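Q: For reference, this is model33.cif, and it has mmCIF, C-alpha atoms.
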```
data_final
loop_
_atom_site.label_atom_id
_atom_site.label_comp_id
_atom_site.auth_asym_id
_atom_site.auth_seq_id
_atom_site.Cartn_x
_atom_site.Cartn_y
_atom_site.Cartn_z
CA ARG E 1 44.96 41.65 -4.18
CA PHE E 2 42.15 44.07 -3.13
CA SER E 3 38.86 44.12 -1.14
CA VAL E 4 36.44 46.10 -3.39
CA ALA E 5 34.99 43.15 -5.39
CA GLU E 6 37.04 40.33 -3.79
CA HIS E 7 35.70 40.93 -0.24
CA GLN E 8 32.17 41.62 -1.43
CA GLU E 9 31.96 38.47 -3.67
CA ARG E 10 33.58 36.28 -1.02
CA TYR E 11 31.00 37.40 1.55
CA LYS E 12 28.18 36.87 -0.97
CA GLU E 13 29.23 33.32 -1.88
CA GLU E 14 29.71 32.32 1.75
CA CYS E 15 26.19 33.65 2.36
CA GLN E 16 24.69 31.55 -0.47
CA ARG E 17 26.56 28.49 0.66
CA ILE E 18 25.34 28.78 4.30
CA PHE E 19 21.79 29.51 3.14
CA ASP E 20 21.90 26.43 0.91
CA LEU E 21 23.42 24.29 3.68
CA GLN E 22 20.76 25.25 6.27
CA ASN E 23 17.86 24.72 3.88
CA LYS E 24 18.97 21.19 3.12
CA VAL E 25 19.72 20.10 6.68
CA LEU E 26 16.47 21.53 8.04
CA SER E 27 14.18 20.07 5.36
CA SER E 28 15.86 16.61 5.69
CA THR E 29 13.28 13.90 6.55
CA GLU E 30 16.23 11.48 7.05
CA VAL E 31 16.14 9.80 10.51
CA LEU E 32 19.24 10.62 12.61
CA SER E 33 21.11 8.12 14.86
CA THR E 34 20.90 8.56 18.68
CA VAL E 35 34.13 19.29 23.60
CA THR E 36 37.26 20.81 25.24
CA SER E 37 37.15 20.06 29.01
CA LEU E 38 38.03 23.13 31.14
CA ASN E 39 40.29 22.67 34.22
CA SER E 40 38.95 23.53 37.73
CA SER E 41 39.48 27.23 36.66
CA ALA E 42 42.60 28.87 35.14
CA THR E 43 44.39 28.48 38.48
CA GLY E 44 43.34 24.78 38.65
CA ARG E 45 42.31 24.76 42.34
CA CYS E 46 39.27 24.53 44.68
CA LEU E 47 37.59 26.71 47.41
CA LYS E 48 37.46 25.58 51.10
CA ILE E 49 35.34 27.02 53.87
CA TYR E 50 36.33 26.00 57.51
CA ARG E 51 33.83 27.75 59.90
CA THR E 52 32.43 28.08 63.52
CA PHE E 53 28.87 27.92 65.04
CA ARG E 54 27.33 27.48 68.55
CA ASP E 55 25.26 24.29 69.22
CA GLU E 56 22.27 24.07 71.67
CA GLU E 57 23.29 24.27 75.39
CA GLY E 58 27.03 25.09 75.12
CA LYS E 59 29.29 24.02 72.20
CA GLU E 60 31.64 25.64 69.59
CA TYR E 61 31.90 23.17 66.63
CA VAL E 62 33.79 24.29 63.46
CA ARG E 63 32.79 23.03 59.95
CA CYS E 64 35.36 22.90 57.11
CA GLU E 65 33.53 22.61 53.74
CA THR E 66 35.37 22.27 50.38
CA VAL E 67 33.71 23.48 47.12
CA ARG E 68 35.20 21.68 44.04
CA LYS E 69 32.62 23.22 41.65
CA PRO E 70 34.40 26.12 39.86
CA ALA E 71 30.99 27.60 39.04
CA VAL E 72 29.98 27.80 42.71
CA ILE E 73 33.45 29.21 43.40
CA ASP E 74 33.12 32.15 40.99
CA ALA E 75 29.71 33.25 42.28
CA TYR E 76 30.71 32.81 45.92
CA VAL E 77 33.97 34.80 45.74
CA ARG E 78 32.40 37.60 43.62
CA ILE E 79 29.99 38.43 46.48
CA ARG E 80 32.77 38.57 49.13
CA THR E 81 34.96 40.78 46.87
CA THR E 82 31.85 42.95 46.41
CA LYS E 83 30.92 42.90 50.10
CA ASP E 84 34.59 43.63 50.88
CA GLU E 85 34.23 46.79 48.77
CA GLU E 86 30.67 47.36 49.98
CA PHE E 87 31.98 48.62 53.37
CA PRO F 1 -6.96 38.75 34.89
CA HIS F 2 -5.72 36.47 32.04
CA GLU F 3 -3.33 33.52 32.62
CA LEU F 4 -1.25 32.32 29.63
CA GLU F 5 -2.43 28.80 28.67
CA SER F 6 0.08 26.01 29.23
CA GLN F 7 0.28 23.60 26.30
CA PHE F 8 2.48 20.51 26.26
CA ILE F 9 2.85 17.49 23.97
CA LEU F 10 1.64 14.01 24.98
CA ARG F 11 3.47 11.06 23.42
CA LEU F 12 1.78 7.67 23.72
CA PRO F 13 2.71 4.12 22.74
CA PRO F 14 1.73 3.53 19.10
CA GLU F 15 -1.28 1.24 19.60
CA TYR F 16 -2.58 3.44 22.42
CA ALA F 17 -1.83 6.47 20.23
CA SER F 18 -3.99 4.96 17.49
CA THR F 19 -6.90 4.36 19.89
CA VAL F 20 -6.60 7.89 21.33
CA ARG F 21 -6.39 9.35 17.80
CA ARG F 22 -9.52 7.48 16.67
CA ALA F 23 -11.38 8.63 19.78
CA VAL F 24 -10.27 12.25 19.30
CA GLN F 25 -11.26 12.36 15.63
CA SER F 26 -14.60 10.76 16.52
CA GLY F 27 -15.40 13.66 18.84
CA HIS F 28 -17.82 12.19 21.44
CA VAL F 29 -17.40 12.82 25.22
CA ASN F 30 -16.83 9.03 25.48
CA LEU F 31 -13.11 9.91 25.02
CA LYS F 32 -13.29 12.11 28.16
CA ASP F 33 -14.02 9.04 30.37
CA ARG F 34 -11.46 6.90 28.44
CA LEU F 35 -8.46 9.26 28.66
CA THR F 36 -7.28 10.59 32.03
CA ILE F 37 -4.00 12.16 33.21
CA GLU F 38 -2.69 11.98 36.80
CA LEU F 39 0.42 14.08 37.53
CA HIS F 40 2.36 13.06 40.62
CA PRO F 41 3.70 15.56 43.20
CA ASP F 42 7.23 14.85 41.96
CA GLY F 43 6.27 17.04 39.02
CA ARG F 44 8.13 14.84 36.53
CA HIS F 45 6.12 11.62 36.85
CA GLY F 46 2.62 10.60 35.94
CA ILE F 47 0.09 8.07 34.77
CA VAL F 48 -1.79 8.45 31.54
CA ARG F 49 -4.76 6.06 31.61
CA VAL F 50 -5.99 5.08 28.09
CA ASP F 51 -9.27 3.07 28.27
CA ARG F 52 -8.59 2.67 32.05
CA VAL F 53 -5.19 1.02 31.27
CA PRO F 54 -2.39 2.75 33.30
CA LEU F 55 0.80 3.86 31.43
CA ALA F 56 3.91 5.27 33.13
CA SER F 57 4.78 8.83 32.23
CA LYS F 58 7.64 11.27 32.53
CA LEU F 59 7.45 15.00 31.87
CA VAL F 60 10.64 15.84 29.99
CA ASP F 61 12.22 19.07 28.74
CA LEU F 62 12.56 19.49 25.03
CA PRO F 63 15.81 20.80 23.52
CA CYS F 64 14.25 23.23 21.04
CA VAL F 65 11.39 25.67 21.63
CA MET F 66 8.11 25.11 19.83
CA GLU F 67 5.34 27.66 19.43
CA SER F 68 1.67 27.01 18.65
CA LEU F 69 0.41 29.28 15.88
CA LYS F 70 -3.29 29.64 15.15
CA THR F 71 -4.84 31.04 12.00
CA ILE F 72 -8.20 31.94 10.51
CA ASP F 73 -7.22 32.46 6.85
CA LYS F 74 -4.01 30.34 6.60
CA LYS F 75 -2.01 33.42 5.60
CA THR F 76 -1.43 35.24 8.91
CA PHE F 77 -0.54 33.19 11.99
CA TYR F 78 -0.82 34.33 15.60
CA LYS F 79 1.39 32.84 18.29
CA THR F 80 -0.70 31.29 21.06
CA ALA F 81 1.76 29.54 23.40
CA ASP F 82 5.29 28.23 23.87
CA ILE F 83 5.78 24.46 24.16
CA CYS F 84 8.86 23.12 25.90
CA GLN F 85 7.64 19.96 27.65
CA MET F 86 6.48 16.52 26.69
CA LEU F 87 4.68 13.85 28.75
CA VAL F 88 6.24 10.72 27.13
CA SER F 89 4.36 7.56 28.24
CA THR F 90 5.19 3.81 28.03
CA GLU F 91 17.47 16.01 36.31
CA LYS F 92 19.45 14.41 33.42
CA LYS F 93 16.65 11.79 32.96
CA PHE F 94 14.02 14.58 32.59
CA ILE F 95 15.96 16.19 29.69
CA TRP F 96 15.07 14.93 26.15
CA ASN F 97 18.01 15.02 23.70
CA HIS F 98 16.04 14.67 20.45
CA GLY F 99 13.59 17.07 18.86
CA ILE F 100 10.08 16.22 17.69
CA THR F 101 10.66 16.50 13.95
CA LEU F 102 12.66 13.97 11.95
CA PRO F 103 15.57 16.33 10.96
CA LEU F 104 16.08 17.25 14.60
CA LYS F 105 17.50 14.17 16.34
CA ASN F 106 20.41 14.27 18.89
CA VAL F 107 20.00 18.08 18.31
CA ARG F 108 21.27 18.72 21.86
CA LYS F 109 24.44 16.66 21.20
CA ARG F 110 25.17 17.69 17.55
CA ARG F 111 23.17 20.74 16.31
CA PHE F 112 23.52 22.74 19.56
CA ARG F 113 26.51 25.06 20.21
CA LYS F 114 27.88 24.11 23.68
CA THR F 115 27.93 27.56 25.38
CA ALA F 116 26.09 26.12 28.50
CA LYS F 117 22.52 25.42 29.79
CA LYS F 118 22.39 25.88 33.62
CA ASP F 119 22.10 24.29 39.56
CA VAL F 120 25.54 25.95 40.00
CA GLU F 121 24.00 29.21 41.38
CA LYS F 122 21.39 27.51 43.65
CA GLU F 123 24.38 25.67 45.15
CA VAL F 124 26.11 29.11 45.52
CA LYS F 125 23.05 30.48 47.40
CA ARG F 126 23.11 27.42 49.72
CA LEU F 127 26.88 27.92 50.25
CA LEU F 128 26.43 31.65 51.16
CA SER F 129 23.65 30.67 53.60
CA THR F 130 26.00 28.11 55.27
CA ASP F 131 28.87 30.72 55.22
CA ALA F 132 26.80 32.91 57.39
CA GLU F 133 27.13 30.17 60.07
CA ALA F 134 30.84 31.09 60.53
CA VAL F 135 33.32 33.24 62.55
CA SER F 136 36.55 31.82 60.95
CA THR F 137 36.97 30.04 57.54
CA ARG F 138 40.10 28.37 56.12
CA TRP F 139 40.60 28.10 52.30
CA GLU F 140 43.60 26.81 50.30
CA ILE F 141 44.17 26.59 46.53
CA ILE F 142 45.07 22.84 46.36
CA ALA F 143 46.88 20.20 44.25
CA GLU F 144 46.65 16.41 43.84
CA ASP F 145 45.77 14.85 47.21
#
```
Here is the file; what I need is its structure written in the form of structure tokens.

A:
Amino acid sequence: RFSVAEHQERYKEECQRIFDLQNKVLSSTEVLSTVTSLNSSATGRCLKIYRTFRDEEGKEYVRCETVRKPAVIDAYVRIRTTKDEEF
Amino acid sequence: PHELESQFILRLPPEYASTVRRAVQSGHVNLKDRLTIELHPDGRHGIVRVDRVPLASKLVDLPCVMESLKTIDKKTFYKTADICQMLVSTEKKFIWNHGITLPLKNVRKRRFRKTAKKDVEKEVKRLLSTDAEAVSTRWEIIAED
């Protein structure tokens, strides 16, 4: 086998086929009729945030909040890791 | 200064669309009294009133991006605005899955690569704001419980 004419011709024909395929689908006036699920991250876990604030008068309540959204997790942690290095 | 014009598409029920089309192609200011648009402070709800008959409206987001293109000679076309919203008359509900043209239907479900759309980061900002109400936090990678 080689790649002087074989590679070039293969690329050319795939190009004509995709060009032909897109023209047809796009110009179609046919009516149309009305994915892998990722785990809660690679590590498959959640982020929890217990806390501590002072209420009016005198009080010391602590709030534990759990974030199960792996998107919120990533953005949250990235700031701490940055602020941990920001010192 | 100049502010970019904001064009959107208005979709009406078919009989009301025929009356509005006849009144537009007629061209009198009689249409101005007949057709009104009231947009509610939700931002995604409205009334379109055709001939003083109220219709319920929703401003939805379109899956593709349209662009209005004007011309003077029909050979060179100048882009005037970007259209991404439609006030159909009769959140997840405010997202339209289909496109305006006939070949584009269920485009969002079938002809769109599922890299992502958007929400997660506004929630992150809220979480950081709450975090700054803390002196001690406890976090544990967890399992089924």

Q: Compile the residues of chain F that lie within 10 Å of chain E, evaluated using all atoms listed in the file, and express the compilation as a ChimeraX atom specification.

A: /F:97-98,101-107,109,114,119-128,130-144

Q: On this structure, the PyMOL selection byres ((chain F and resi 35) around 8) would catch which residues? List them as a PyMOL selection string, sorted by chain and number.

A: chain F and resi 20+31-34+36-37+48-52

Q: Residues near residue 79 of chain F, anyone? I mean within 9 Å using all atoms listed in the file, not counting same-chain ones fewer than 4 positions away, as a list in words.

A: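 Within the cut-off, the hits are residues 67, 68, 69 and 70 of chain F.
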
Q: Output C-alpha atoms for every residue in the selection just made, as an mmCIF file, keeping the file's coordinate frame.

A:
```
data_model
loop_
_atom_site.group_PDB
_atom_site.id
_atom_site.type_symbol
_atom_site.label_atom_id
_atom_site.label_comp_id
_atom_site.auth_asym_id
_atom_site.auth_seq_id
_atom_site.Cartn_x
_atom_site.Cartn_y
_atom_site.Cartn_z
ATOM 1 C CA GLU F 67 5.340 27.660 19.430
ATOM 2 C CA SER F 68 1.670 27.010 18.650
ATOM 3 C CA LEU F 69 0.410 29.280 15.880
ATOM 4 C CA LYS F 70 -3.290 29.640 15.150
#
```

Q: What's the separation between atom CA of residue 38 of chain F and atom CA of residue 87 of chain F, in Å to one decimal place?

A: 11.1 Å

Q: One decimal, in Å: what's the spacing between atom CA of residue 117 of chain F and atom CA of residue 63 of chain F?

A: 10.3 Å
